[PDB]
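Participant: I'd like to ask you about the structure that follows.
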Number of protein chains: 4
Amino acid sequence: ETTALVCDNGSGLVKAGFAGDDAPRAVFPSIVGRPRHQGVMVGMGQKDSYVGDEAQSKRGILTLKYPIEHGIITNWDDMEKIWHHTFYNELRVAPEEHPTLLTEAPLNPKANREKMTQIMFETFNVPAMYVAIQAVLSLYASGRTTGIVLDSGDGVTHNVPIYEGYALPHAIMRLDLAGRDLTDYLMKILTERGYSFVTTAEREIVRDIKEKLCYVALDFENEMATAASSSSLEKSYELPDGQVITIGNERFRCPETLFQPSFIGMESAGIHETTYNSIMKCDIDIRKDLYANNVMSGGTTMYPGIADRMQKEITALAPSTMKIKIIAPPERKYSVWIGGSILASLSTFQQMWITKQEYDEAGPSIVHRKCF
Amino acid sequence: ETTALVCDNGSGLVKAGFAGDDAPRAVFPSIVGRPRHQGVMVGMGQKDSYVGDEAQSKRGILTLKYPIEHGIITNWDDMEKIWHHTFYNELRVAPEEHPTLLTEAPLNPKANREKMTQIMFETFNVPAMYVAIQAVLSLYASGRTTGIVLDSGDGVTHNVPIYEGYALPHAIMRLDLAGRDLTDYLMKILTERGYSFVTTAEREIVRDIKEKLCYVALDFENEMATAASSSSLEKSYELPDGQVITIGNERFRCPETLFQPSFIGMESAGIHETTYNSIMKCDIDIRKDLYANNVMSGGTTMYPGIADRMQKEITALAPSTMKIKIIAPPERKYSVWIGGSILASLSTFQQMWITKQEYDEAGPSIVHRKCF
Amino acid sequence: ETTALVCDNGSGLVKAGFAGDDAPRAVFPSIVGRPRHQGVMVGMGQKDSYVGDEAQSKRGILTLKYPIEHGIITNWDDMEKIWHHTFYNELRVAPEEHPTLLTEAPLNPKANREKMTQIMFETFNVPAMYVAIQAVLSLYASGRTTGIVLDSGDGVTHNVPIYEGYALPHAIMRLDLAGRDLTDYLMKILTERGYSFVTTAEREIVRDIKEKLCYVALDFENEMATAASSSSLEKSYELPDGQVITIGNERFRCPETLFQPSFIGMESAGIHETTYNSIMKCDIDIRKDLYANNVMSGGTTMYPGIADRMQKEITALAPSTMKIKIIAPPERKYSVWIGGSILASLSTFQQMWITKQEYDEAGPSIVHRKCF
Amino acid sequence: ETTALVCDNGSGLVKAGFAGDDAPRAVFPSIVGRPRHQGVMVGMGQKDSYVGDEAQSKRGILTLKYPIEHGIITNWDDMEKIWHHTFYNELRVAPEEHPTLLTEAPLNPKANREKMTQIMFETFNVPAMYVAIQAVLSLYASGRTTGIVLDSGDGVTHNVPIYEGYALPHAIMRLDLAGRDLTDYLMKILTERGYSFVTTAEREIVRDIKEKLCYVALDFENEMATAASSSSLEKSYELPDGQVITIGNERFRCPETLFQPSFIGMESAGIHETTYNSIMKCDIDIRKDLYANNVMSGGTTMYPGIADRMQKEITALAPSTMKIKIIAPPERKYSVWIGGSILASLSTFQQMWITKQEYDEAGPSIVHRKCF
Ligand SMILES: Nc1ncnc2c1ncn2[C@@H]1O[C@H](COP(=O)(O)OP(=O)(O)NP(=O)(O)O)[C@@H](O)[C@H]1O
Ligand SMILES: Nc1ncnc2c1ncn2[C@@H]1O[C@H](COP(=O)(O)OP(=O)(O)NP(=O)(O)O)[C@@H](O)[C@H]1O
Ligand SMILES: Nc1ncnc2c1ncn2[C@@H]1O[C@H](COP(=O)(O)OP(=O)(O)NP(=O)(O)O)[C@@H](O)[C@H]1O
Ligand SMILES: Nc1ncnc2c1ncn2[C@@H]1O[C@H](COP(=O)(O)OP(=O)(O)NP(=O)(O)O)[C@@H](O)[C@H]1O
Ligand SMILES: [Mg+2]
Ligand SMILES: [Mg+2]
Ligand SMILES: [Mg+2]
Ligand SMILES: [Mg+2]
């Protein structure tokens, strides 16, 4: 045996690599694009579909779409097309030799995990597989046993409280506000400056505006007063046609949707009150250890100043004698993959794989009574 | 006080009148024309500019242009010239005595509404004003509280879901396909018959072809089979030079762009799928009442057979146990003005005006925290 | 100031008079004759040159020639000799007191208009001048703003479409078939009867045959069948030597050259197809108003039956639902002067003159950026 | 099979040859002339019609006319006469053995392409044919996939944006200002020097003046100031009668009609603003690649200094951080034929022909659902 594969399929990026590494060798977006215009040059390399980094380059003529929406895979033809691109075109492996570690969000459909298991054996014919929960793997990456994990990615934000090795599945919150809903609110409030980004190729531009110019205001009602003297507030951004946009208070205002989800019409609470309501559903003897370990992960927790507001605004909810310590590693974008590289290389793990023999005598329903 | 003014400025027509009436006294196109040829007769009444019904008559020698494109006013010199023509030359009022109700599209620039407010006080010096959203006013005209409003005009098509008095601003779709983009597609597909309408004075002829000979096919793939036996399909039209054109399948084919916007190269969805995606972004307890109230308005919803296809094609998307009732009044062209005549004559409204005193101590930014 | 002068210099006649009158006081041909024989009576009043009505009387012993051929003045010594005869010998004015309105054909050389301007200031020293286009002035005489003008004179036939005060300079046709080319075709087809008019004094007789016995056939292929029974077709004419000529089908056949210019070997089209091709180069919204206003002017449009054939033969080209109205005033010979009398007496015109001060600081090139 | 024919039928020239060559073997003008004079020598080789290079030599006695005006073939008798001259008299082939590649302009009538297809099978009986779009073939000649193509010929100027193999048919502009409208403006402004070119045989002289003495001014308002000191500006040209003309500012002033079409009374924009408005109708992610690839083609883009003004005047419209690279090959006159020689010799193309069997069971309407 050489090694094992760790394929972190997310709603926005597909992180992939080998176990035992410290960074994924394969980071490309989870986009499958079909061309939508006519097509008039004969031959000269026109494929029926473009996946990932190729569709990101040719995106002006493509109808881009995501096969994964809010964690749930909705377009199993396109998801088998990304996995085919991930293993062959991007990692250059043989899938019949390496065991594959997959990740998915908690509180997810049963058929979403059975259908991953059916594809990895009946189509790729892997020797073994295992589906892990992402917020469990975010805590191997920090090398811990205790802590609540705020894993906010591109499709789903979810808290999982984990005390000393033991997960508390009744306190797992799942909030479907994520980075893809911050882009779609940003396309709505860039309209009030005048700039109209509508089609799906501009959705990948407003995503790139958000990753470069948006931050989290430490007090939202005071930065809106700073928009009176919009001097250091406004920044510029060069679009791929050469135009510039002067984005102003829309920098700090779209990540406030993480803290006030009523901006996009959701009745639910922000990520500071879904952390606090998930600690307050735990036992009273472990709430001191969950305050002191607030592990953030995922790429939506990469804004400048989001650890400073989570530490500010849980403290206004928690009793004043408990210390709050939001713990943000700088590598926290890939930490679901970093913990998957650790868990697949542990020596105590090689009896937890779902082998091909164990699958065949049990069908696709083996994955529920074996993984979690 | 005599009464209030209701000035519905659209991208294609300027509807204007007084509150409490049942029809606008002033319907003229929103066109400002400059002459482009030499000019050789001395004197005898040559103005520098021609606005509205006058420029529509003298259009053979004029460079006609619209100051409003896609809802956004782009040419504030010409828009102050239409308003000057609307009040003085067309309504024959004094603007310093009547409060003016203005309309504009939702999801619009902030500077578009501030600059209307700055003109109506610093130039016309009105006693009071109020900017209303057009799809709110389309629902007073039907005398209701509940319904999604498909307001398709000449610059912008937009859905606004309104439950029992409460607007849902996160489900407001805005699609910039409208009647001016159906004319420009019709000038492109009349070329394949041979007829070349190019200059801006022929743009007002193809607009008049579209308002007389175009309808909506109930099944587009079967009317294209009827173009084999083009017997009852083809109609004729007498041009203003005496020529006739025999338009064939181009009758039903340009309003299909409302239902398949890929004909003009837009990635977005048709008006039957922007209604359905705007209901599916509402709460699940109000989707039954939004199906049963589909208020159409605007002049682009005046084609023969557009209520019959909207009722056909939402039903193919909606679940089969929900009833769909597309509600098209016959007066639906002016229904943004009809609801503006109702709202300005309500007794509960006279504290919602932005008076001249309230403007002066607040600047032009009063209109955002007072209207909507 | 007394009044202004209107000097309509044509290729065949010099119409001159004062502004505000209804008929020119000075109508004499534009002929400068030199004697060609010996000269044997000593003294008794022999001048070196004879101009106009005097050379028309003494024409048997003179080499008559026209200084203006096809609108272009080619013999500037003789044209200064006609203007000297026009002002002093014929109007009896002082040129240093009256401003002079001049006319010329459209699409004319630049040096033709500069050299008129140089003569009227450096030789006659007029206070002011203005060069107008003849087909503009033909439309003041009918008191209008809209119409295409068929101005066919003795040197040039030209259409100028004029919509409501605005000339369309890209649709101005200029056809150099005129009355002097109908005389020269008539001298060629009177030869086939036997009568040989060759020298220049007989050119002024065939011009007088044409003004008295020639008409326009309403259908040319049927009047040629009437030449079989030449009973009412043939007329007689008494020459100035007492001889008679019996002109037959040559009455209607030389004005057919206006409608079929291939008789004199021109490739171009007739005056019914240069009117139609000049309307079809206009905008499609003004073609209805140019059909209903077909102003004829000039002396070549004075044949019996030319309005009846223009109305017949444009109708065969125009679409059948457009009305055609050829508009021939009875005074249409002088209508370039009649409109020049109107334009020079308008009150809105006295700032359009090129004064002597404006000329001196600008040279002769002022006339292009001031008149047209 | 020997090879295939590439017949580039243009409005001004008929380029023809074989596939796989680097230059057409048959370049002759698209002129069919009928004699117009009497004809008095008995026998000695007088045909009823003269086509192409023969009618160009004998043009003094012929009524020359073009069967193709603005891309649309209007005179199908004469166009079958050119094709008969092209294959038999000029290429000396048998049309029943070679498959024929035809070109035509985009946004063209449907009946123009059906009637080419009906002639090439029912009259010439070719084995196969294919109608291609000219601006697609202009991009094979530069050997590319990406670029907007400014193909300005003798009848039609049209932009076609082509990204990586995929044409964008909603951004295709078509402007009917071309070289034949620059000749007709040049015949109008040579009149103001005095020189009157009127009949159709002089239309082929002013075309030859334009191809030798006209250039494009880099700044039009400064070359008009250079016309004050007309020293290096004026050139001479020897006419075929031996006369000389001293053309002055009319050298640079007629190609300015390409950049200001209001000189000939067109309301539309120049070729620098129909390129920019066609890029601004594309997607925002491909506008960087269309700026860097501005392929000019056709013979109207052969003026000295037209690449230097297109690079100057798009840059004044484009944002200042985007590079503009107008790409003019020196062989750009024949580049529609050069790309047609490439496309007909590709190995991936031989299933795109419309064979004679495929035509017979489908009628003439096969060409729309098979070519484009
Ligand atoms: N620097 C950044 N600042 C802010 N947001 C960012 C940044 N980088 C990425 N994002 C957002 O994070 C999203 C992807 O983050 P990531 O956590 O990798 O997604 P994901 O984990 O693959 N989706 P999932 O695991 O299913 O929840 C992007 O779509 C952006 O919206
Ligand atoms: N009978 C008709 N059938 C089809 N289309 C029509 C008809 N009458 C008008 N139209 C089109 O619809 C438009 C009617 O104008 P209107 O509905 O008022 O647009 P508008 O409201 O002025 N623009 P806006 O309010 O900003 O959306 C015209 O410009 C035409 O393009
Ligand atoms: N009754 C008539 N019938 C037909 N032709 C006539 C008649 N009277 C004059 N003509 C012709 O008209 C010519 C003069 O007409 P006229 O229009 O006055 O010339 P003109 O206007 O001075 N030249 P121009 O300025 O170029 O129009 C004569 O030379 C004749 O050829
Ligand atoms: N050297 C030149 N300089 C400027 N213009 C030229 C030159 N040579 C040719 N032309 C012009 O280009 C025209 C022909 O160009 P060309 O592109 O070959 O015609 P064409 O492409 O066959 N017509 P079409 O294909 O229907 O657009 C001539 O009629 C001239 O007006
Ligand atoms: Mg993740
Ligand atoms: Mg409206
Ligand atoms: Mg005259
Ligand atoms: Mg060409």
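Ordered as shown in the structure tokens, chains take letters A, B, and onward, while each chain numbers its residues from 1 and ligands are numbered from 1 in the order shown.
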Looking only at the backbone, which of the residues in region 128-211 of chain D does DSSP tag as alpha helix (DSSP H), as a ChimeraX atom specification?
Facilitator: /D:134-140,179-189,200-211
Participant: Quick check for you: according to DSSP on this backbone, which residues of region 110-332 of chain B are classed as strand (DSSP E)? Reply as a ChimeraX atom specification.
Facilitator: /B:128-133,147-152,157-162,173-175,235-238,244-247,294-297,326-327
Participant: Would you save the residues of that selection, restricted to C-alpha atoms, as an mmCIF file, in the first residue's frame?
Facilitator:
```
data_model
loop_
_atom_site.group_PDB
_atom_site.id
_atom_site.type_symbol
_atom_site.label_atom_id
_atom_site.label_comp_id
_atom_site.auth_asym_id
_atom_site.auth_seq_id
_atom_site.Cartn_x
_atom_site.Cartn_y
_atom_site.Cartn_z
ATOM 1 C CA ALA B 128 -43.808 67.962 -1.019
ATOM 2 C CA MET B 129 -42.825 64.786 -2.801
ATOM 3 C CA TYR B 130 -42.707 61.034 -2.352
ATOM 4 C CA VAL B 131 -40.969 58.323 -4.371
ATOM 5 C CA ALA B 132 -42.915 55.071 -4.522
ATOM 6 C CA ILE B 133 -42.030 51.639 -5.834
ATOM 7 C CA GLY B 147 -49.860 39.061 -4.505
ATOM 8 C CA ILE B 148 -46.669 38.856 -6.479
ATOM 9 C CA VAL B 149 -46.484 41.572 -9.124
ATOM 10 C CA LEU B 150 -44.937 40.974 -12.539
ATOM 11 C CA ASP B 151 -44.347 44.555 -13.677
ATOM 12 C CA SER B 152 -42.777 44.382 -17.128
ATOM 13 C CA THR B 157 -39.059 43.605 -15.563
ATOM 14 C CA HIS B 158 -39.326 42.994 -11.843
ATOM 15 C CA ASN B 159 -41.179 40.712 -9.446
ATOM 16 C CA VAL B 160 -42.105 42.032 -6.010
ATOM 17 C CA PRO B 161 -43.833 39.566 -3.649
ATOM 18 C CA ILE B 162 -46.195 41.377 -1.299
ATOM 19 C CA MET B 173 -36.132 39.884 -8.660
ATOM 20 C CA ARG B 174 -35.065 42.468 -11.222
ATOM 21 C CA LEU B 175 -34.621 41.445 -14.852
ATOM 22 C CA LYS B 235 -49.861 39.442 -41.568
ATOM 23 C CA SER B 236 -49.093 42.695 -43.344
ATOM 24 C CA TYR B 237 -48.222 46.170 -42.123
ATOM 25 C CA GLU B 238 -48.281 49.481 -43.997
ATOM 26 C CA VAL B 244 -45.876 46.770 -46.952
ATOM 27 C CA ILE B 245 -44.016 44.060 -45.061
ATOM 28 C CA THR B 246 -45.209 40.474 -44.698
ATOM 29 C CA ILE B 247 -44.083 39.479 -41.220
ATOM 30 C CA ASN B 294 -50.224 36.872 -9.974
ATOM 31 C CA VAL B 295 -50.828 40.506 -10.862
ATOM 32 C CA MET B 296 -49.418 41.500 -14.218
ATOM 33 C CA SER B 297 -48.870 45.140 -15.068
ATOM 34 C CA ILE B 326 -52.695 34.950 -13.462
ATOM 35 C CA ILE B 327 -54.653 38.162 -12.983
#
```
Participant: Sort by chain and increasing residue number a table of all residues of chain B within 8 Å of chain C, each with its closest pair of atoms and their distance in Å to one decimal, counting only C-alpha atoms, and write it as JSON lines.
Facilitator:
```
{"residue": "B:37", "atom": "CA", "partner": "C:166", "partner_atom": "CA", "distance": 6.1}
{"residue": "B:38", "atom": "CA", "partner": "C:167", "partner_atom": "CA", "distance": 5.6}
{"residue": "B:39", "atom": "CA", "partner": "C:166", "partner_atom": "CA", "distance": 3.9}
{"residue": "B:40", "atom": "CA", "partner": "C:166", "partner_atom": "CA", "distance": 5.7}
{"residue": "B:41", "atom": "CA", "partner": "C:165", "partner_atom": "CA", "distance": 4.7}
{"residue": "B:42", "atom": "CA", "partner": "C:348", "partner_atom": "CA", "distance": 7.0}
{"residue": "B:43", "atom": "CA", "partner": "C:348", "partner_atom": "CA", "distance": 6.4}
{"residue": "B:44", "atom": "CA", "partner": "C:165", "partner_atom": "CA", "distance": 7.8}
{"residue": "B:46", "atom": "CA", "partner": "C:165", "partner_atom": "CA", "distance": 7.6}
{"residue": "B:59", "atom": "CA", "partner": "C:285", "partner_atom": "CA", "distance": 7.0}
{"residue": "B:60", "atom": "CA", "partner": "C:285", "partner_atom": "CA", "distance": 5.0}
{"residue": "B:61", "atom": "CA", "partner": "C:166", "partner_atom": "CA", "distance": 7.5}
{"residue": "B:201", "atom": "CA", "partner": "C:285", "partner_atom": "CA", "distance": 7.1}
{"residue": "B:202", "atom": "CA", "partner": "C:284", "partner_atom": "CA", "distance": 7.5}
{"residue": "B:240", "atom": "CA", "partner": "C:285", "partner_atom": "CA", "distance": 6.0}
{"residue": "B:241", "atom": "CA", "partner": "C:287", "partner_atom": "CA", "distance": 5.5}
{"residue": "B:242", "atom": "CA", "partner": "C:319", "partner_atom": "CA", "distance": 5.5}
{"residue": "B:243", "atom": "CA", "partner": "C:319", "partner_atom": "CA", "distance": 6.2}
```
Participant: Write as a CSV table (one decimal) with C-alpha atoms, in the first residue's frame the residues around ligand 2, taking 9 Å as the cut-off and counting only C-alpha atoms and all ligand atoms.
Facilitator:
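Dumped everything to selection_15.csv:
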```
chain,number,residue,atom,x,y,z
B,8,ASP,CA,-45.2,58.1,-13.5
B,9,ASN,CA,-41.9,58.5,-15.3
B,10,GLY,CA,-41.2,55.3,-17.3
B,11,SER,CA,-38.5,54.2,-19.7
B,12,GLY,CA,-40.9,54.5,-22.6
B,13,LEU,CA,-43.8,56.7,-21.7
B,14,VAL,CA,-44.4,59.5,-19.2
B,15,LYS,CA,-47.8,59.0,-17.6
B,29,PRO,CA,-43.2,59.1,-25.0
B,30,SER,CA,-40.1,59.8,-23.0
B,68,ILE,CA,-34.0,56.7,-19.1
B,69,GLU,CA,-32.3,53.4,-19.9
B,70,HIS,CA,-33.2,50.3,-17.8
B,71,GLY,CA,-34.8,52.5,-15.2
B,72,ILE,CA,-31.6,54.4,-14.5
B,103,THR,CA,-42.4,56.3,-9.2
B,104,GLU,CA,-39.2,54.2,-9.8
B,105,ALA,CA,-38.2,50.6,-10.1
B,134,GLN,CA,-43.9,50.7,-9.0
B,151,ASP,CA,-44.3,44.6,-13.7
B,152,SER,CA,-42.8,44.4,-17.1
B,153,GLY,CA,-42.4,47.8,-18.8
B,154,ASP,CA,-40.1,49.2,-21.3
B,155,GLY,CA,-36.9,49.3,-19.3
B,156,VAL,CA,-37.1,46.7,-16.5
B,157,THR,CA,-39.1,43.6,-15.6
B,158,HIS,CA,-39.3,43.0,-11.8
B,178,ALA,CA,-38.1,44.5,-21.3
B,179,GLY,CA,-40.0,46.0,-24.3
B,180,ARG,CA,-37.0,48.0,-25.5
B,181,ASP,CA,-35.0,44.8,-25.8
B,182,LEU,CA,-37.9,43.1,-27.6
B,183,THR,CA,-37.8,45.9,-30.2
B,207,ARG,CA,-42.0,49.5,-31.8
B,208,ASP,CA,-45.3,50.1,-33.6
B,210,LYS,CA,-44.6,45.0,-32.2
B,211,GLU,CA,-47.6,46.7,-30.6
B,212,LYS,CA,-49.9,45.6,-33.4
B,213,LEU,CA,-48.8,42.3,-34.9
B,214,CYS,CA,-46.9,40.4,-32.2
B,215,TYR,CA,-48.6,37.8,-29.9
B,255,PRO,CA,-42.2,37.8,-27.3
B,297,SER,CA,-48.9,45.1,-15.1
B,298,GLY,CA,-46.9,47.3,-17.5
B,299,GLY,CA,-47.3,47.5,-21.2
B,300,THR,CA,-45.1,44.5,-22.1
B,301,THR,CA,-47.7,42.3,-20.5
B,302,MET,CA,-50.2,43.5,-23.1
B,303,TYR,CA,-49.5,40.9,-25.7
B,304,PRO,CA,-52.4,38.6,-26.8
B,332,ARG,CA,-53.0,47.0,-16.8
B,333,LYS,CA,-50.9,49.4,-18.9
B,334,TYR,CA,-51.6,52.4,-16.7
B,336,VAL,CA,-48.8,52.0,-11.9
```
Participant: Which residues are close to residue 188 (chain D), i.e. within 9 Å by only C-alpha atoms, leaving aside same-chain residues fewer than 5 positions away? Reply as an MDAnalysis selection string.
Facilitator: (chainID C and resid 107) or (chainID D and resid 183 196:197)
Participant: If I take CA of residue 78 (chain B) and CA of residue 32 (chain B), how far is one from the other in Å, to one decimal?
Facilitator: 6.5 Å
Participant: Counting only C-alpha atoms and all ligand atoms, figure out which residue out of D:230, D:341, D:274, D:138 gets nearest to ligand 8.
Facilitator: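 With only C-alpha atoms and all ligand atoms as the atom set, the closest residue is D:138.
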Participant: Can you list, as a VMD selection string, every protein, DNA or RNA residue that comes within 9 Å of residue 95 (chain A) when you count only C-alpha atoms, leaving out same-chain residues fewer than 6 positions away?
Facilitator: chain A and resid 87 to 88 120 124 to 127
Participant: Since we have the selection now, will you write its residues out, keeping C-alpha atoms, as a compact mmCIF listing (two decimals), in the first residue's frame?
Facilitator:
```txt
# COMPACT_ATOMS: atom_id res chain seq x y z
CA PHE A 87 -8.46 11.81 -9.46
CA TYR A 88 -7.35 11.45 -13.07
CA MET A 120 -16.89 5.27 -4.89
CA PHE A 124 -14.24 4.08 -9.15
CA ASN A 125 -13.83 0.72 -7.33
CA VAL A 126 -11.74 2.02 -4.44
CA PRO A 127 -10.35 -0.51 -1.93
```
Participant: Taking 6 positions as the minimum chain separation for residues in the same chain, which residues sit within 7 Å of region 256-268 of chain B when counting only C-alpha atoms? Answer as a VMD selection string.
Facilitator: (chain A and resid 199) or (chain B and resid 185 216) or (chain D and resid 170)
Participant: Could you give me, as a list in words, the residues within 8 Å of residue 113 (chain C), counting only C-alpha atoms and dropping anything in the same chain fewer than 3 positions from it?
Facilitator: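 Counting only the stated atoms, we get residues 109, 110, 116, 117, 131 and 367 of chain C.
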Participant: Write the residues you've just listed into a file as a PDB file, in the first residue's frame, and include N, CA, C and O atoms for each of them.
Facilitator:
```pdb
ATOM      1  N   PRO C 109     -18.923  74.282 -57.683  1.00  0.00           N
ATOM      2  CA  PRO C 109     -17.536  74.484 -57.245  1.00  0.00           C
ATOM      3  C   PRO C 109     -17.376  75.542 -56.165  1.00  0.00           C
ATOM      4  O   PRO C 109     -18.170  76.473 -56.056  1.00  0.00           O
ATOM      5  N   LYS C 110     -16.349  75.351 -55.332  1.00  0.00           N
ATOM      6  CA  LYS C 110     -16.055  76.294 -54.259  1.00  0.00           C
ATOM      7  C   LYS C 110     -15.559  77.610 -54.830  1.00  0.00           C
ATOM      8  O   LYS C 110     -15.885  78.684 -54.313  1.00  0.00           O
ATOM      9  N   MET C 116     -17.596  85.043 -57.096  1.00  0.00           N
ATOM     10  CA  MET C 116     -18.714  85.975 -57.013  1.00  0.00           C
ATOM     11  C   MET C 116     -18.537  86.935 -55.850  1.00  0.00           C
ATOM     12  O   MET C 116     -18.822  88.127 -55.973  1.00  0.00           O
ATOM     13  N   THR C 117     -18.065  86.425 -54.714  1.00  0.00           N
ATOM     14  CA  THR C 117     -17.894  87.251 -53.526  1.00  0.00           C
ATOM     15  C   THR C 117     -16.775  88.262 -53.716  1.00  0.00           C
ATOM     16  O   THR C 117     -16.886  89.412 -53.279  1.00  0.00           O
ATOM     17  N   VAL C 131     -25.147  84.646 -50.719  1.00  0.00           N
ATOM     18  CA  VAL C 131     -25.374  83.689 -51.790  1.00  0.00           C
ATOM     19  C   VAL C 131     -26.333  82.630 -51.277  1.00  0.00           C
ATOM     20  O   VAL C 131     -26.050  81.959 -50.281  1.00  0.00           O
ATOM     21  N   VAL C 367     -17.439  82.986 -47.342  1.00  0.00           N
ATOM     22  CA  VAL C 367     -18.747  82.694 -47.906  1.00  0.00           C
ATOM     23  C   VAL C 367     -19.147  81.239 -47.694  1.00  0.00           C
ATOM     24  O   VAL C 367     -20.333  80.903 -47.774  1.00  0.00           O
TER      25      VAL C 367
END
```
Participant: Leaving out residue 16 (chain D) and any residue of its chain fewer than 3 positions from it, which residues lie within 6 Å of it when counting only C-alpha atoms, given as an MDAnalysis selection string?
Facilitator: chainID D and resid 6:8 24 26
Participant: Could you jot down the CA of residue 198 (chain A) to CA of residue 309 (chain B) separation for me, Å, one decimal place?
Facilitator: 25.5 Å
Participant: Between CA of residue 224 (chain D) and CA of residue 206 (chain D), measure the distance and give it in Å to one decimal.
Facilitator: 21.7 Å
